[PDB]
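Contents: one structure, followed by commentary.
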Amino acid sequence: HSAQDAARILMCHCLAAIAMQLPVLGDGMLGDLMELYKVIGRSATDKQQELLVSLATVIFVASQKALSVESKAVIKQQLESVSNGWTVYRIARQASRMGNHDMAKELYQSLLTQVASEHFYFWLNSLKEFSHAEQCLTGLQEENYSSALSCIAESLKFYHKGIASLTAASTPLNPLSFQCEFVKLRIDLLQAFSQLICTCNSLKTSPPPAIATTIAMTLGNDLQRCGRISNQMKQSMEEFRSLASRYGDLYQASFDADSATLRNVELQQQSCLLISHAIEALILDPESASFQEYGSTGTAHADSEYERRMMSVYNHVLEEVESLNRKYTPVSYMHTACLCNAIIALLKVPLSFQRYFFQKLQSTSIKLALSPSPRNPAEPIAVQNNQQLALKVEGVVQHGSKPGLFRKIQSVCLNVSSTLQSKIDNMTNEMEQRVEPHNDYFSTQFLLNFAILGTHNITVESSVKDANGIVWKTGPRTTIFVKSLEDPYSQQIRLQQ
Amino acid sequence: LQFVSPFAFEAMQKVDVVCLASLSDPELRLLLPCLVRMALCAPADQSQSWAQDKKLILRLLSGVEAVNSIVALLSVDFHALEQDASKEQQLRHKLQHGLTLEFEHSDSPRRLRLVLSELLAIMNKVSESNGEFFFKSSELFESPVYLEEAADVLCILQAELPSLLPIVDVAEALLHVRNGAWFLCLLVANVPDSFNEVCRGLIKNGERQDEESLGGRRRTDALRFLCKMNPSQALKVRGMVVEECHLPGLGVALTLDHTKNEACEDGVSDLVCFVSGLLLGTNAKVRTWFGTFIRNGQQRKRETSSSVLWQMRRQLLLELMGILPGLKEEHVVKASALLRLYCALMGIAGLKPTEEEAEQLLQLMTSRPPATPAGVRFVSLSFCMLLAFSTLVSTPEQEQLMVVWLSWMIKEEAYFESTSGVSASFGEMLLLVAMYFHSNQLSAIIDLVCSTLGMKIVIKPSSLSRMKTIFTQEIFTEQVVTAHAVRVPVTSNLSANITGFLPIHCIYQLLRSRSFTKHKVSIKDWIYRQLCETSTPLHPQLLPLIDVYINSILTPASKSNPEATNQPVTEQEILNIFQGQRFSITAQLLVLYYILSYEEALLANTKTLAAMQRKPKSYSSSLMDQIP
Amino acid sequence: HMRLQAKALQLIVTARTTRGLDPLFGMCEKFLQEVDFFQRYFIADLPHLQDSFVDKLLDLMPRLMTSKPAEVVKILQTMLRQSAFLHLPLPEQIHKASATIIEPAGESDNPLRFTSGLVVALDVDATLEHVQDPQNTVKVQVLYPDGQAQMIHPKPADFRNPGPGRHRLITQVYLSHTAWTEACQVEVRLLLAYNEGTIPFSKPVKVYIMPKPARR
């Protein structure tokens, strides 16, 4: 109250940083912050913008669940007070970042009728659709399987428009790789959830009839108390594991985000792997798993309320599943209930689009212009087939921003492989070298041996590696085609022999 | 025929017993097998809520005579039938009455044996077809009268023989029967969860780039019926088809249905969003595959409006009509997107447009927008599109309209810049294009248009050669490019960073030829404002620019006209830069270089200056010593 | 003792990642065997190893043998958490071995050329400082470009001894391979073996090699 609009920005930054840890630090102080917010338009004019955005961040942080009339009051405050398009964009960004998706859709709608170039219009529309889908998802009811499927289907009906728009927004410049891929895998996750919920609901869809009719129920050959749902449970378990590994691909491909987006992605992978483990250890052989969750759990080390809530949900699911491991037969009497409750819990915490999604920093890349016998077109290159080939893979690492903001490249693990174009598919020549870039530049001599007539594909993969030691799969992954021919002297020798 | 209602399907999926009551009689008749199996078979889950649901199912069960028939069907033992089917299948690997009449007269187990044999024969035929689509005829499946019970028994077989009758295999084999779409719809409706799995199986087993084969038509129609059965999950099929790169016709058809379902005129059409994404999406395989689809569609000369391609083209044209009216304000961005989309369709896909399409495109491109940033961008795309596709303009009418539009622009090029406030990217672009034309850099023109449009498309040089006459002969002459050059805004924060071809290059080129003095235009007013603005590092052009500028200030353009001489900067103007520190470091170093070089050149080339008797202002010692 | 500590850490992480009861039990049994072997072998100095990881582990060993591995791993975890830091005694004057490859220099861009299939001899000259039993340990390793590493034991006569604990190694290393289109880099390094495994203790050098195919 007593800060004269100069120290207020600093104090609000401090408060947001503090509230990022404990929720009771934000839950009960809702009204007073808005009392501060409402008087902004008149108490200053020189730098209204910065304190406006700061107050928006703090209010969103405090607001855990949703926004009341305070919402429309914020909207008007922006409308009457000087409110730059850039400013409203930043408030919308912070809203989306903290999860209060309800405000995001409204603000981005106002934005849409702005901007000049189509790229930004498409990007804004995509973000609006994403936020609206998240808002629709938030309206979930605890323990009611009927509404869950409809809500999920609707939110997916919106993510698809979102993906279309976002894919359109891309350009040769700043092709939104992480943004697009992360959201696409998010739709994949939700589709997996929809399929799983449908399967468990169909459990009652005359499943027992199949197994008993096919074979005697006692000592069931298809499975222990076999049922048609066993095949679908195998299918979805496999799909969930595959999705989990696809997050692995995204994570080991980013390499650029801060230590926040990475933790978020790891968290999503943890959720996926959790559903997989639950379905596998509860529906499939439970005695085979027979693994106890005997590890340190629940230590308050999380860096965000979002992470804390997810860790709480995980612990709830584990403490339920451990108890319910052996109680019933695999017939899945109440196991469906546990699965459904886990799904509802997982969807309850809405989302948080993390920084790397918005605004990219520490731009690093590998040029990797190999210099074999150069091939202007894709015309394959020749080698007598009896001697050898040498590549001379040349690579230079280029930093746009502060070279080492978070992770500094330590080594480049060039991996070269060949395959037979016309057909272990001829991976005899598959090798790797860990060249350290001394200044910015690294060359590597690679030798490829091969004695087959057909063409060959040569693939080189970069796989940068940082100080701590991680794969961090990146790199252009360039290819070169190489022809193979033999001297007629040897041709006649082989013919005669 | 009657398909399963989408409401019925969603009710079955949600096992909403109350909604089952709301369902009308024919829907229940279609859905009987699953319902009766549910009511009679031993309950897998034994919850009291499920028991009450079962009571409700029983409440609904009455009113159907076929219930008894289905009970009889279930009565038949299945182990013996399964082993018999396995033996018959192994043999296959190694009746006076028609099939319909046999199905009728014979009892339930005989019906099972007949239908099972027929389906397995169809399955074997499909397995051996090696991907070749065919047709198989069976009066049983072609009998409208016996359709209902045929489907009923088929559902029971599928439910009871999972291993023998995989659902996806049954679906793909069933594709080949006359009413396979209807059987498939009913079968999937019977078992909800398998809906997405069947969708995946069909799309995977479909062809890549054929929408004219009978198999392609049947498959796409079956999937369309499935989507109509489950609208909520339709777009999942769209994403699946985009990923797998099969059946682009189906891919676009789903979008057409969805855009019909949703009515939001405020934003751009989801059709536009989707097609723009596919063509301009960063991916490459999808881009090439979709281009192949467009190529085949256009090469199909026959004009059939049922074609998805033609439906899509009609939809795009109609969407453009609403936009086309000057031009309204909020429509600028939306018009830009459609402009780029058609640019892609002609260029990166070779979509030959019809005459009315060309007329509408010409109208939009010549439309006057407001002088906002969006208007600047839209006019830029319009002019670039006209640059690229000369075939859009063929008749003298469009020629004259285009010339009129360009003439209207040239008076507003820098006026547009000032009104919008932003640097006129097109304002410098027009200067660049004019210079490139006059000096015959058509390759550079192509390079510029590709960059500005954001898509690398191929252009025939003769197309631009035709317009060269339109461009260099009447609309843009030497004294018109001279008029533009001085009024073009100066490049901000110039450095070596800003790469490309900046207006400094063009100014330097013009000064090389000495057009400014020939057509009596002051240039110091521009050079000085640029030098006040440069920053660090230094752009590699400034020094040659200054050299040529001072060489012009001294030497005349032509001997016959000694009066040709640019005015040197004023000493009072020079003072301001060195007064100090409002300016940069490289700001005043360039000016110091210029003044020193000028004092030197006065003495160096004093012979021609003495010949002219136009001795210029040698700067005062007051400035020369105040300079640090 | 520190090596045993590292073994315990490896075991704990592997058990953390793997849930298979049989692999868990196998690894646990191997680790317990390792602990027993250690205590038998260094029966002495155990009293000096006060409040050490190994000390408390051995003190609590029998119940560890009785218990199932699933809890043994948690016990080992907490055990390391609460383990202490041993005091390393500083010795008298010592030195760390060190090799310096003087020839070939390796910076000569001119490649060594030879016909395909035959061999070329690379003179290897090195100085080894403060090494015990150089002749039975040091070994020259040649890494060809294609990823194959050849180990070469030098003769016991290759090691001159000009001065105290400062030996010279002079030898020939035989290189060969089929025909290469262009010059490549063969890496030469000096390895130290132990009694099982090897440790690089020298700066790798690069030599340009060019096998041309046979003539007429």
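The chains in the structure tokens are called A, B, ... from first to last as shown; in each chain the residues are counted from 1, and the ligands are counted from 1 in the order shown.
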
Compile a residue-level contact table for chain C against chain A at a cut-off of 12 Å, reporting for every qualifying residue the shortest atom pair and its distance in Å to one decimal, with only C-alpha atoms counted, rows ordered by chain and ascending number, as a tab-separated table.
residue	atom	partner	partner_atom	distance
C:12	CA	A:295	CA	11.3
C:13	CA	A:295	CA	11.7
C:15	CA	A:291	CA	11.1
C:16	CA	A:295	CA	8.5
C:17	CA	A:295	CA	11.5
C:18	CA	A:291	CA	9.7
C:19	CA	A:291	CA	6.2
C:20	CA	A:289	CA	7.6
C:21	CA	A:291	CA	8.1
C:22	CA	A:288	CA	10.9
C:24	CA	A:291	CA	11.1
C:69	CA	A:291	CA	11.8
C:70	CA	A:292	CA	8.2
C:71	CA	A:294	CA	8.2
C:72	CA	A:294	CA	11.1
C:73	CA	A:294	CA	9.6
C:74	CA	A:294	CA	7.4
C:75	CA	A:294	CA	10.8
C:77	CA	A:295	CA	9.7
C:78	CA	A:296	CA	10.4
C:115	CA	A:387	CA	11.6
C:116	CA	A:387	CA	8.6
C:117	CA	A:387	CA	10.3
C:143	CA	A:433	CA	11.4
C:144	CA	A:447	CA	9.2
C:145	CA	A:447	CA	6.1
C:146	CA	A:447	CA	5.1
C:147	CA	A:431	CA	6.6
C:148	CA	A:431	CA	9.8
C:177	CA	A:387	CA	9.5
C:178	CA	A:387	CA	6.0
C:179	CA	A:387	CA	4.6
C:180	CA	A:388	CA	5.2
C:181	CA	A:389	CA	6.1
C:182	CA	A:390	CA	6.6
C:183	CA	A:390	CA	8.4
C:184	CA	A:445	CA	6.4
C:185	CA	A:445	CA	7.0
C:186	CA	A:445	CA	9.8
C:187	CA	A:445	CA	11.5
C:206	CA	A:445	CA	11.5
C:208	CA	A:445	CA	11.0
C:209	CA	A:445	CA	11.8
C:210	CA	A:390	CA	11.2
C:211	CA	A:387	CA	9.3
C:212	CA	A:387	CA	8.9
C:213	CA	A:387	CA	7.6
C:214	CA	A:387	CA	10.7

Pull N, CA and C atoms from the residues just selected and write them as a tab-separated table (two decimals), in the first residue's frame.
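Output saved as result21.tsv:
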chain	number	residue	atom	x	y	z
C	12	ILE	N	23.55	-49.78	-5.62
C	12	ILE	CA	22.33	-49.10	-5.20
C	12	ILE	C	21.63	-48.50	-6.41
C	13	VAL	N	22.38	-47.86	-7.31
C	13	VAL	CA	21.75	-47.24	-8.47
C	13	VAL	C	21.14	-48.30	-9.38
C	15	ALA	N	20.01	-51.26	-8.55
C	15	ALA	CA	18.79	-51.75	-7.93
C	15	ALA	C	17.67	-50.73	-8.05
C	16	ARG	N	17.99	-49.45	-7.86
C	16	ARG	CA	16.99	-48.40	-8.05
C	16	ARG	C	16.34	-48.51	-9.42
C	17	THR	N	17.15	-48.66	-10.47
C	17	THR	CA	16.58	-48.70	-11.81
C	17	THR	C	15.89	-50.01	-12.15
C	18	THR	N	16.34	-51.13	-11.58
C	18	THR	CA	15.81	-52.44	-11.95
C	18	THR	C	14.93	-52.98	-10.84
C	19	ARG	N	13.81	-53.59	-11.22
C	19	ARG	CA	12.87	-54.18	-10.27
C	19	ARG	C	12.95	-55.69	-10.22
C	20	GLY	N	13.67	-56.32	-11.14
C	20	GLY	CA	13.72	-57.77	-11.17
C	20	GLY	C	14.34	-58.33	-9.90
C	21	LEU	N	13.57	-59.16	-9.19
C	21	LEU	CA	14.05	-59.71	-7.93
C	21	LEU	C	15.26	-60.60	-8.15
C	22	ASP	N	15.27	-61.40	-9.22
C	22	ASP	CA	16.41	-62.28	-9.46
C	22	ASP	C	17.67	-61.49	-9.77
C	24	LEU	N	18.32	-58.47	-8.89
C	24	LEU	CA	18.65	-57.78	-7.65
C	24	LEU	C	19.41	-58.72	-6.71
C	69	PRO	N	17.42	-59.14	-0.43
C	69	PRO	CA	18.10	-58.00	-1.08
C	69	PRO	C	17.27	-56.73	-1.13
C	70	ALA	N	15.95	-56.85	-1.29
C	70	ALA	CA	15.10	-55.68	-1.47
C	70	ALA	C	15.30	-54.66	-0.36
C	71	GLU	N	15.41	-55.14	0.88
C	71	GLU	CA	15.71	-54.26	2.00
C	71	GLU	C	17.20	-54.02	2.17
C	72	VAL	N	18.04	-54.94	1.70
C	72	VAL	CA	19.48	-54.75	1.80
C	72	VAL	C	19.89	-53.49	1.05
C	73	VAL	N	19.27	-53.25	-0.10
C	73	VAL	CA	19.64	-52.07	-0.89
C	73	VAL	C	19.30	-50.79	-0.13
C	74	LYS	N	18.12	-50.74	0.49
C	74	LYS	CA	17.77	-49.56	1.28
C	74	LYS	C	18.73	-49.39	2.45
C	75	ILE	N	19.10	-50.50	3.09
C	75	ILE	CA	20.07	-50.44	4.17
C	75	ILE	C	21.37	-49.84	3.68
C	77	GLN	N	21.82	-47.88	1.10
C	77	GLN	CA	21.61	-46.46	0.83
C	77	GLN	C	21.79	-45.64	2.10
C	78	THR	N	20.96	-45.90	3.11
C	78	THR	CA	21.07	-45.15	4.36
C	78	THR	C	22.47	-45.26	4.95
C	115	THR	N	52.62	-49.01	-50.17
C	115	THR	CA	51.72	-49.81	-50.98
C	115	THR	C	50.70	-50.52	-50.09
C	116	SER	N	49.52	-50.74	-50.65
C	116	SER	CA	48.45	-51.36	-49.89
C	116	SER	C	48.86	-52.75	-49.43
C	117	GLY	N	48.40	-53.12	-48.24
C	117	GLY	CA	48.62	-54.45	-47.71
C	117	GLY	C	49.94	-54.61	-46.98
C	143	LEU	N	45.44	-46.52	-32.48
C	143	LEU	CA	44.04	-46.44	-32.86
C	143	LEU	C	43.98	-46.03	-34.32
C	144	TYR	N	43.50	-46.94	-35.16
C	144	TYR	CA	43.31	-46.63	-36.56
C	144	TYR	C	42.06	-45.77	-36.72
C	145	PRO	N	41.91	-45.07	-37.84
C	145	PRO	CA	40.71	-44.25	-38.02
C	145	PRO	C	39.43	-45.04	-37.90
C	146	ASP	N	39.37	-46.24	-38.47
C	146	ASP	CA	38.11	-46.96	-38.61
C	146	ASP	C	37.56	-47.47	-37.28
C	147	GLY	N	38.21	-47.15	-36.16
C	147	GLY	CA	37.71	-47.53	-34.86
C	147	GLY	C	38.36	-48.76	-34.27
C	148	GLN	N	39.35	-49.34	-34.92
C	148	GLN	CA	40.03	-50.51	-34.38
C	148	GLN	C	41.30	-50.10	-33.65
C	177	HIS	N	47.33	-51.39	-43.63
C	177	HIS	CA	45.90	-51.45	-43.91
C	177	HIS	C	45.73	-51.31	-45.41
C	178	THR	N	44.54	-51.66	-45.90
C	178	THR	CA	44.27	-51.58	-47.33
C	178	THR	C	44.31	-50.12	-47.79
C	179	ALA	N	44.01	-49.92	-49.07
C	179	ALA	CA	44.26	-48.63	-49.71
C	179	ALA	C	43.24	-47.58	-49.28
C	180	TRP	N	43.74	-46.38	-48.97
C	180	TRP	CA	42.91	-45.24	-48.61
C	180	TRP	C	42.94	-44.20	-49.71
C	181	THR	N	41.79	-43.56	-49.94
C	181	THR	CA	41.73	-42.55	-50.98
C	181	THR	C	42.61	-41.35	-50.63
C	182	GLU	N	42.58	-40.91	-49.38
C	182	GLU	CA	43.33	-39.74	-48.93
C	182	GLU	C	44.07	-40.08	-47.64
C	183	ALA	N	44.92	-39.15	-47.22
C	183	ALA	CA	45.65	-39.33	-45.98
C	183	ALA	C	44.69	-39.39	-44.80
C	184	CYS	N	45.06	-40.19	-43.80
C	184	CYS	CA	44.25	-40.25	-42.59
C	184	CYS	C	45.10	-40.00	-41.35
C	185	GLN	N	44.50	-40.13	-40.18
C	185	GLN	CA	45.20	-39.93	-38.92
C	185	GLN	C	45.18	-41.22	-38.13
C	186	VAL	N	46.37	-41.73	-37.81
C	186	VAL	CA	46.51	-42.86	-36.90
C	186	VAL	C	47.00	-42.30	-35.58
C	187	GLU	N	46.32	-42.64	-34.49
C	187	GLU	CA	46.65	-42.10	-33.18
C	187	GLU	C	47.55	-43.08	-32.44
C	206	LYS	N	49.19	-37.78	-33.51
C	206	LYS	CA	48.58	-38.12	-34.78
C	206	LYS	C	49.68	-38.30	-35.83
C	208	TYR	N	50.17	-39.07	-40.08
C	208	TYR	CA	49.50	-39.13	-41.37
C	208	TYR	C	49.93	-40.38	-42.12
C	209	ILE	N	48.96	-41.18	-42.55
C	209	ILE	CA	49.23	-42.43	-43.25
C	209	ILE	C	48.49	-42.41	-44.58
C	210	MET	N	49.11	-42.97	-45.61
C	210	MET	CA	48.56	-43.00	-46.97
C	210	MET	C	48.95	-44.32	-47.63
C	211	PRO	N	48.09	-45.32	-47.57
C	211	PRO	CA	48.32	-46.55	-48.33
C	211	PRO	C	47.79	-46.41	-49.75
C	212	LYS	N	48.69	-46.39	-50.72
C	212	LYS	CA	48.26	-46.42	-52.10
C	212	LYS	C	48.13	-47.86	-52.57
C	213	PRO	N	47.29	-48.12	-53.57
C	213	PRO	CA	47.15	-49.49	-54.08
C	213	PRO	C	48.34	-49.89	-54.94
C	214	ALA	N	48.44	-51.19	-55.18
C	214	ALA	CA	49.63	-51.75	-55.80
C	214	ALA	C	49.83	-51.20	-57.21

Near-range 77-87 of chain B list (12 Å; only C-alpha atoms; drop same-chain fewer than 6 positions) as JSON, numbers by chain:
{"A": [209, 210, 211, 212, 213, 214, 215, 216], "B": [93, 94, 108, 109, 110, 111, 112, 113, 114, 115, 116, 117, 118, 119, 120, 121, 156, 157, 158, 159, 160, 161, 162, 163, 164, 165]}

Export of the given selection (N, CA and C atoms) as a CSV table (one decimal), in the first residue's frame:
chain,number,residue,atom,x,y,z
A,209,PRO,N,-18.0,-62.7,-20.9
A,209,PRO,CA,-18.7,-63.7,-21.8
A,209,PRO,C,-17.7,-64.3,-22.8
A,210,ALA,N,-16.7,-63.6,-23.3
A,210,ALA,CA,-15.8,-64.1,-24.3
A,210,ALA,C,-14.9,-65.2,-23.8
A,211,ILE,N,-14.3,-65.0,-22.6
A,211,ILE,CA,-13.3,-66.0,-22.1
A,211,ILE,C,-14.0,-67.3,-21.7
A,212,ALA,N,-15.1,-67.2,-21.0
A,212,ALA,CA,-15.8,-68.4,-20.6
A,212,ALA,C,-16.3,-69.2,-21.8
A,213,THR,N,-16.9,-68.6,-22.8
A,213,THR,CA,-17.3,-69.3,-24.0
A,213,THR,C,-16.2,-69.9,-24.7
A,214,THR,N,-15.1,-69.1,-24.9
A,214,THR,CA,-13.9,-69.7,-25.6
A,214,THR,C,-13.3,-70.9,-24.9
A,215,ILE,N,-13.2,-70.8,-23.6
A,215,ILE,CA,-12.6,-71.9,-22.8
A,215,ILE,C,-13.2,-71.9,-21.5
A,216,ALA,N,-13.1,-73.0,-20.8
A,216,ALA,CA,-13.7,-73.1,-19.4
A,216,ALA,C,-13.0,-72.0,-18.5
B,93,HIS,N,-6.0,-73.1,-46.7
B,93,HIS,CA,-4.6,-72.8,-47.0
B,93,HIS,C,-3.9,-73.8,-47.8
B,94,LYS,N,-4.2,-75.1,-47.6
B,94,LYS,CA,-3.7,-76.2,-48.4
B,94,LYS,C,-4.6,-76.5,-49.5
B,108,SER,N,-30.0,-71.9,-36.5
B,108,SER,CA,-29.0,-71.0,-36.0
B,108,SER,C,-27.6,-71.5,-36.2
B,109,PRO,N,-27.2,-72.7,-35.8
B,109,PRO,CA,-25.8,-73.2,-36.0
B,109,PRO,C,-25.4,-73.3,-37.4
B,110,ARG,N,-26.3,-73.7,-38.3
B,110,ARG,CA,-26.0,-73.7,-39.7
B,110,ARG,C,-25.8,-72.3,-40.2
B,111,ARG,N,-26.6,-71.3,-39.8
B,111,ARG,CA,-26.3,-69.9,-40.1
B,111,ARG,C,-24.9,-69.5,-39.7
B,112,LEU,N,-24.6,-69.8,-38.5
B,112,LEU,CA,-23.2,-69.5,-38.0
B,112,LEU,C,-22.2,-70.1,-38.9
B,113,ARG,N,-22.3,-71.4,-39.2
B,113,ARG,CA,-21.3,-72.1,-40.0
B,113,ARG,C,-21.2,-71.4,-41.4
B,114,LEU,N,-22.3,-71.1,-42.0
B,114,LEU,CA,-22.3,-70.5,-43.4
B,114,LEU,C,-21.6,-69.1,-43.3
B,115,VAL,N,-22.0,-68.3,-42.4
B,115,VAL,CA,-21.5,-66.9,-42.4
B,115,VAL,C,-20.0,-66.9,-42.0
B,116,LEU,N,-19.6,-67.8,-41.1
B,116,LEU,CA,-18.3,-67.9,-40.7
B,116,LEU,C,-17.4,-68.4,-41.9
B,117,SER,N,-17.9,-69.4,-42.6
B,117,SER,CA,-17.1,-69.8,-43.7
B,117,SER,C,-17.0,-68.7,-44.8
B,118,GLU,N,-18.0,-68.0,-45.0
B,118,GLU,CA,-18.0,-66.9,-46.0
B,118,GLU,C,-17.0,-65.8,-45.6
B,119,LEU,N,-17.1,-65.4,-44.4
B,119,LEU,CA,-16.1,-64.3,-43.9
B,119,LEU,C,-14.7,-64.8,-44.0
B,120,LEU,N,-14.4,-66.0,-43.6
B,120,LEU,CA,-13.1,-66.5,-43.6
B,120,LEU,C,-12.5,-66.7,-45.0
B,121,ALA,N,-13.4,-67.1,-45.9
B,121,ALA,CA,-13.0,-67.1,-47.3
B,121,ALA,C,-12.7,-65.7,-47.8
B,156,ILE,N,-22.4,-61.4,-33.1
B,156,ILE,CA,-22.2,-62.4,-32.1
B,156,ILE,C,-21.0,-63.2,-32.5
B,157,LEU,N,-20.8,-63.5,-33.7
B,157,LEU,CA,-19.5,-64.2,-34.1
B,157,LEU,C,-18.3,-63.4,-33.7
B,158,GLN,N,-18.3,-62.1,-34.0
B,158,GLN,CA,-17.1,-61.3,-33.6
B,158,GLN,C,-16.9,-61.3,-32.1
B,159,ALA,N,-18.0,-61.1,-31.4
B,159,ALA,CA,-17.9,-61.1,-29.9
B,159,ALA,C,-17.4,-62.4,-29.4
B,160,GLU,N,-17.8,-63.6,-30.0
B,160,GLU,CA,-17.5,-64.9,-29.4
B,160,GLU,C,-16.2,-65.5,-29.8
B,161,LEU,N,-15.7,-65.0,-31.0
B,161,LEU,CA,-14.5,-65.6,-31.6
B,161,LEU,C,-13.4,-64.5,-31.8
B,162,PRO,N,-12.9,-63.9,-30.7
B,162,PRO,CA,-11.9,-62.9,-30.9
B,162,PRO,C,-10.6,-63.4,-31.7
B,163,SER,N,-10.0,-64.4,-31.2
B,163,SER,CA,-8.8,-64.9,-31.8
B,163,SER,C,-9.1,-65.3,-33.3
B,164,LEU,N,-10.2,-66.0,-33.5
B,164,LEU,CA,-10.4,-66.5,-34.9
B,164,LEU,C,-10.8,-65.3,-35.8
B,165,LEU,N,-11.5,-64.3,-35.2
B,165,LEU,CA,-12.0,-63.2,-36.0
B,165,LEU,C,-11.4,-61.9,-35.4

Expected answer as a VMD selection string: chain A residues within 7 Å of chain B, only C-alpha atoms:
chain A and resid 113 115 to 118 146 153 to 154 157 160 to 161 164 to 165 167 to 168 170 to 171 175 195 198 to 199 202 204 to 210 213 to 214 333

What is the distance between CA of residue 114 in chain C and CA of residue 174 in chain C, in Å to one decimal?
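Atom-to-atom, CA of residue 114 in chain C to CA of residue 174 in chain C, that is 12.1 Å.
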
Neighbours of residue 614 in chain B within 12 Å (only C-alpha atoms; same-chain residues fewer than 2 positions away dropped), as JSON, numbers by chain?
{"B": [553, 554, 555, 556, 562, 563, 564, 565, 566, 567, 602, 606, 607, 608, 609, 610, 611, 612, 616, 617, 618]}

Nearby residues (only C-alpha atoms) at most 10 Å from residue 164 in chain C, same-chain spacing under 2 positions excluded, as number ranges by chain:
C: 129-130, 161-162, 166-167

Expected file: the selected residues, N, CA, C and O atoms, as a PDB file, in the first residue's frame:
ATOM      1  N   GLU C 129      58.819 -41.168 -16.773  1.00  0.00           N
ATOM      2  CA  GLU C 129      59.378 -40.649 -15.535  1.00  0.00           C
ATOM      3  C   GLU C 129      58.650 -41.249 -14.344  1.00  0.00           C
ATOM      4  O   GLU C 129      57.421 -41.176 -14.261  1.00  0.00           O
ATOM      5  N   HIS C 130      59.415 -41.823 -13.419  1.00  0.00           N
ATOM      6  CA  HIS C 130      58.891 -42.329 -12.155  1.00  0.00           C
ATOM      7  C   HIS C 130      57.856 -43.434 -12.390  1.00  0.00           C
ATOM      8  O   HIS C 130      56.675 -43.306 -12.066  1.00  0.00           O
ATOM      9  N   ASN C 161      67.866 -46.861 -19.661  1.00  0.00           N
ATOM     10  CA  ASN C 161      67.776 -46.269 -18.326  1.00  0.00           C
ATOM     11  C   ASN C 161      68.906 -45.266 -18.133  1.00  0.00           C
ATOM     12  O   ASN C 161      69.870 -45.528 -17.406  1.00  0.00           O
ATOM     13  N   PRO C 162      68.814 -44.098 -18.767  1.00  0.00           N
ATOM     14  CA  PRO C 162      69.885 -43.104 -18.608  1.00  0.00           C
ATOM     15  C   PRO C 162      70.122 -42.687 -17.172  1.00  0.00           C
ATOM     16  O   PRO C 162      71.279 -42.493 -16.777  1.00  0.00           O
ATOM     17  N   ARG C 166      64.090 -42.552 -14.677  1.00  0.00           N
ATOM     18  CA  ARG C 166      63.747 -41.792 -15.870  1.00  0.00           C
ATOM     19  C   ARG C 166      64.172 -42.602 -17.083  1.00  0.00           C
ATOM     20  O   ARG C 166      65.284 -42.429 -17.590  1.00  0.00           O
ATOM     21  N   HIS C 167      63.285 -43.472 -17.552  1.00  0.00           N
ATOM     22  CA  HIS C 167      63.596 -44.409 -18.615  1.00  0.00           C
ATOM     23  C   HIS C 167      63.278 -43.791 -19.966  1.00  0.00           C
ATOM     24  O   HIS C 167      62.449 -42.885 -20.077  1.00  0.00           O
TER      25      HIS C 167
END

What's the 10 Å shell around residue 184 in chain A, counting only C-alpha atoms, without same-chain residues fewer than 3 positions away, as JSON, numbers by chain?
{"A": [159, 160, 162, 163, 178, 179, 180, 181, 187, 188, 189], "B": [239]}

Could you state the separation of CA of residue 363 in chain B and CA of residue 471 in chain B in Å, given to one decimal place?
20.1 Å

Neighbour list for residue 466 in chain A as a PyMOL selection string, cut-off 9 Å, only C-alpha atoms, skip fewer than 4 positions in-chain
chain A and resi 407-412+470-472

For the alpha helix (DSSP H) assignment from backbone DSSP, which residues of range 349-487 of chain B qualify? Please present them as a PyMOL selection string.
chain B and resi 355-366+373-388+396-420+425-438+442-453+461-470+478-487

Gap from CA of residue 27 in chain A to CA of residue 349 in chain A - Å, one decimal:
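Separation of CA of residue 27 in chain A and CA of residue 349 in chain A: 16.3 Å.
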
For residue 195 in chain C, please output as an MDAnalysis selection string all residues within 12 Å (counting only C-alpha atoms; exclusion window: fewer than 4 positions along the same chain).
chainID C and resid 136:137 199
